[PDB]
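Below is one structure; the comments refer to it alone.
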Ligand SMILES: CCCCCCCCCCCCCCCCCC(=O)OC[C@H](COP(=O)([O-])OCC[N+](C)(C)C)OC(=O)CCCCCCCCCCCCCCCCC
Ligand SMILES: CCCCCCCCCCCCCCCCCC(=O)OC[C@H](COP(=O)(O)OCCN)OC(=O)CCCCCCCCCCCCCCCCC
Ligand SMILES: CCCCCCCCCCCCCCCCCC(=O)OC[C@H](COP(=O)(O)OCCN)OC(=O)CCCCCCCCCCCCCCCCC
Ligand SMILES: CCCCCCCCCCCCCCCCCC(=O)OC[C@H](COP(=O)(O)OCCN)OC(=O)CCCCCCCCCCCCCCCCC
Ligand SMILES: COC(=O)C1=C(C)NC(C)=C([N+](=O)[O-])[C@H]1c1ccccc1C(F)(F)F
Ligand SMILES: [Ca+2]
């Protein structure tokens, strides 16, 4: 039965995931004739094995104590629909509990039934912390119902669904500000409801700043402490040609032969730069073609990838999808370099360990897609005007009122539109649930599922306000739980590979070198030096920096604005020239902070006279007075150390950031190829600011979709209906033939890919620091050793090596942890 | 002189010298922006505007452009001095100020472009022709050379719990 | 209120040893009841409502009730002290970026495409009213019967712009959360020009959102790990 009830499960789950809106009658019957066959085969299987097993020693398994429930509930509706209790959607309950038998897929995977052994102590034991999150949401919903309760009394016909009117509608409006989706528009209604951007009005922004800055914090303590103190214990229980110059030269050619592909105009058939880069294409192919037979002259997976790229780039010195297969021209650089390949196999071995968590998240998304199909099948239609509710009604023309003015009207033809992201089949349901999973556009699906009327009827305002439950369980159980346990899986598969304190401290004491101080001779200049190192002087400089900043925030829209700029310029010039005199330009230019100060001082001086030269008879030169704020972090060591330990790790791992850079390059090129001839028009998401016409615009669009702007609307802004650009070349009659449906794979993949790589770069950098982050600041550590270096260089001003025996009194100047 | 005779920094000061010569030829070549009214074409420059068809002649007519370019050249002959005296008497540190000077050179030269650019918008056609691309490349040369030389002179990011900027060699 | 009186009578004059008031989560309940009584009596003196908005602190009393909830709530506060330097860095980076934006884009987004001789903003169906530039490098108006003129409050009814320090430090924080940052970018593009402004935003997202998120995931994950290993023993 280890491969005989698998077949029954599969033929049941494949008949459950073939229902769609407008299915033919013969399928309607095949799913009714087979729905009882695959239930009788389940009762004889819960019979012909219970008797062979037992009746008291069979219920002992929490695994098999559920397999009986599916039959005990299925046998109801068969002999329940033979009743007059038709109850149209009351039978939809008996149908939505039919797919409850989809859980048998989980049982057939040892991991899938062992991962929950501690997950049962994850949620159920720490449901006390998941309760305080709810107690927080309930307080902020009640505060919203007071602040903006019934204040959205706007005199226009604009609709505002995310308001605080009742409790079920304030909870939805707070959950959305908490998931940070379109929360910036819930703030503009709250600011315009009071006065506008007046004095009282703008102070309602605090409500939307504390709710997001301290609501997400708890969220990073709820669904994270769940997935790093409990996904660790599960793993604990599981435990118990050959010359170098040729390479250095040809590696500079795949970069050039890639940058010649990128910066190429995709629109015009024969452009001026097109043929020049074709010439460079042949001039670089004529060079790469000598390296292959040379590799075959000195000789006879990684050594063969240099061939097909030139083979499919020289054949011509359909016809275009091969040019899409020549975007891997830079994909032949992974062998010439060392770290570039040493990272690729670490991302291909990091995927194998995370392969188990990406299988349960695709079955959970396919289980939630079936529920959506039963709830919202075909209900996502609508008419142009919300007054016609069927497709026979929604015909003809109607009036629209600009500015909500009853005397300024326009004739529009009304048409029966179908929402872009709907729930008709299981594929479209999985698409919609995906775009909800990334938090983009989920309120516009919420307020459309709340209004759904019937199977082929238009919406009804606030019809079923309970449907929000479906969109709030899916968003907590996938986008908040599974996503964080996957990040924890990565963080704990990275944490294994990385006394110990004694070892670090002896290495420190082995490889330390003192500090040069340059305390000066010539007492006439020593008197100048003593006044620029005294604590009072440094605190006065800090105060001057902060006073200049407060002098910089005074400026507004609509002179005393520049006399103080000149005052501070001269004061910071004097404290530089005097410090030079006190250090004699040999110790001054040692400390990098002084180099930075020198840079900023001369920059501000250049600006202060660059403005006077103009005003006698370059906006960025005024930024050098703002950057004086950074120089005050040379005193805050607690921030300096954090910044340093993270910039230290962002520079010791560049071969993983090069992965993201190569991904962006590849996808930018493919995008410029596929949909780059789409016209530029306002009202679409492909416009003068966001398009694939040039290369930087494509990289900017990709960086937009990465941060998660309305990428699901760009995905629809290029899908085989579009008007090609005028100045592009095409055939007559083929205007509305632009863009391809391949976009559905271009974006859906990109996001997912970029969701991984980023996380990659985000955990490496973190695990690389796992000694600093987990460091008890009370016992002993290199901060005390830096204190020791300091007090030593105090008595040892110049480097000078080791110092005289007695001056030992520095041991009288050390505090307990080294005492 | 350990940071004063490295190859990766000698190539940078070579690029700096190439930037110096391109900037010295971009400040005097007054043939870097053409105007095309339409047969009286004028060649622009920071100092002399010339006319051509016959009557070949240059003259003057925005003091900002030339004045700022002079500021940039002043930064050049302020920076190269401290640059060359970095090779004698163990004076390697001097490579740090020099670099920054070069940086600002570029910046000043850069705004020169802008102001002249703006002048080209007030007057016909326009085609940055001969020394405009020269100055556009000289800016990048001087700017990136200054920045790279500055970072190659500054010792290193510690990278170890014991290392530190401003060490004892 | 009778419960608070009963408790204060079962312990001292009011504290007498710091007994009832210094009982941790019991001063909070007295505060709640005291402001409640104050609002009730201030109701019957005028026969406003910013004092009845303190009525929403009642669900906190449940936290005062179950001591397990008091133990949990004091774990999410023990982890917020190591995040003091991350916060001190985010606040200062927002303060710097606000001043930069305040110096570069101070008052550029105030013209737009009205209808000729009208005070009606000319846009297309799904477009938001965006700035304009005439005799400039920004975008030109291309609606049929429209002209570009100033005296227009701002993009989001006047809420998004870098005019004074307040509105700038607000529209910087709105981009730091990676929500509608492209909208600010596109409005600045339409106002001043297309080529320079991206440096301000594309960087504000790298150092501002992503880098800070990395720091926060590092200090927390380290804190959870150091809590687990310093307690499983
Ligand atoms: C506490 C620690 C926190 C540290 C955080 C600090 C990080 C530094 C933040 C970078 C500031 C942003 C740079 C300026 C943005 C340019 C503004 C713009 O594009 O348009 C306005 C304006 C454009 O509007 P405009 O209308 O004035 O343009 C002039 C055109 N005419 C004359 C016709 C009007 O730009 C300028 O005027 C001059 C700037 C042009 C290009 C400037 C870029 C110089 C090179 C980049 C500098 C370094 C960038 C950061 C490097 C890495 C930092 C980590
Ligand atoms: C590449 C082949 C492998 C296929 C999947 C492999 C497993 C990856 C897991 C993917 C699961 C994500 C769930 C999202 C489902 C996609 C939506 C869908 O299924 O619908 C197909 C869509 C049609 O939808 P509709 O709106 O009705 O279109 C009407 C006109 N065509 O039109 C479409 O054609 C959309 C096709 C979807 C593209 C699938 C490619 C997945 C890209 C991810 C690959 C790498 C995964 C990264 C994971 C590593 C780290 C997380
Ligand atoms: C556990 C986490 C806790 C969560 C932290 C909660 C943060 C609290 C937020 C504090 C907000 C302070 C607001 C007080 C401002 C004073 C009001 C005022 O007078 O300013 C008005 C300001 C400009 O003047 P205005 O009236 O607009 O001009 C019209 C002509 N006179 O008009 C305005 O628009 C003022 C609005 C300013 C809002 C700036 C918001 C930026 C700050 C957010 C950055 C903090 C990041 C925190 C990260 C920490 C990580 C844990
Ligand atoms: C810290 C954690 C995360 C770190 C991971 C690292 C990954 C970083 C990924 C972020 C990449 C962001 C790229 C943003 C650059 C976009 C440039 C841009 O948008 O400029 C638009 C502007 C328009 O000009 P144009 O298109 O010519 O048309 C107008 C002509 N009148 O164009 C211009 O006027 C000037 C164009 C030149 C600009 C070139 C500079 C950047 C261009 C691409 C950089 C990257 C190249 C390859 C892709 C790698 C990026 C990852
Ligand atoms: C179809 O893909 C998916 O189910 C995913 C959805 C629903 N959305 C997003 C944004 C994903 N992602 O990659 O960040 C994956 C997901 C999500 C939770 C855990 C794991 C993954 C994984 F699949 F990526 F591993
Ligand atoms: Ca969004």
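Along the chain as shown, the residues are counted starting at 1.
The backbone N, Cα and C atoms fix where each Cβ goes, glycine too.
Taken from Swiss-Prot as is:
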- B:1-10: topological domain 'Cytoplasmic' (TOPO_DOM)
- B:11-29: transmembrane segment (TRANSMEM)
- B:50-B:58: disulfide bond (DISULFID)
- B:57: N-linked glycosylation site (CARBOHYD)
- B:67-87: transmembrane segment (TRANSMEM)
- B:88-92: topological domain 'Cytoplasmic' (TOPO_DOM)
- B:93-113: transmembrane segment (TRANSMEM)
- B:130-154: transmembrane segment (TRANSMEM)
| Does anything in the same chain, at least 6 positions from residue B:58 (disulfide bond), have a Cβ under 8 Å from its Cβ, and if so what? | B:30, B:43, B:48, B:49, B:50, B:51
| request: Give the residue counts of the topological domain 'Cytoplasmic' (B:1-10) per reduced DSSP state, in the order helix, strand, coil. | output: 4 helix, 0 strand, 6 coil
| the transmembrane segment (B:130-154) vs the transmembrane segment (B:67-87): 3 or more CB pairs under 8 Å | no
| remark: DSSP tally for the topological domain 'Cytoplasmic' (B:88-92), helix/strand/coil in that order, comes to 0 helix, 0 strand, 5 coil
| request: Report, as numbers and ranges, which residues of the same chain sit near the topological domain 'Cytoplasmic' (B:88-92): CB under 8 Å and 6 or more residues beyond its ends. | output: 1-4, 153
| note | Near chain C at Cβ under 8 Å, of the listed recorded positions B:50, B:57, B:58, we get none
| query | Mind checking which residues reach the topological domain 'Cytoplasmic' (B:1-10)? Cβ under 8 Å, same chain, six or more beyond either end. | reply | 86-87, 90, 92, 95, 149, 152-153, 155
| task | Take the Cβ of the residue listed as 'N-linked glycosylation site' and count every other Cβ within 10 Å, whichever protein chain it belongs to. | result | 10
| Secondary structure at residue B:58 (disulfide bond), reduced by DSSP to three states | strand
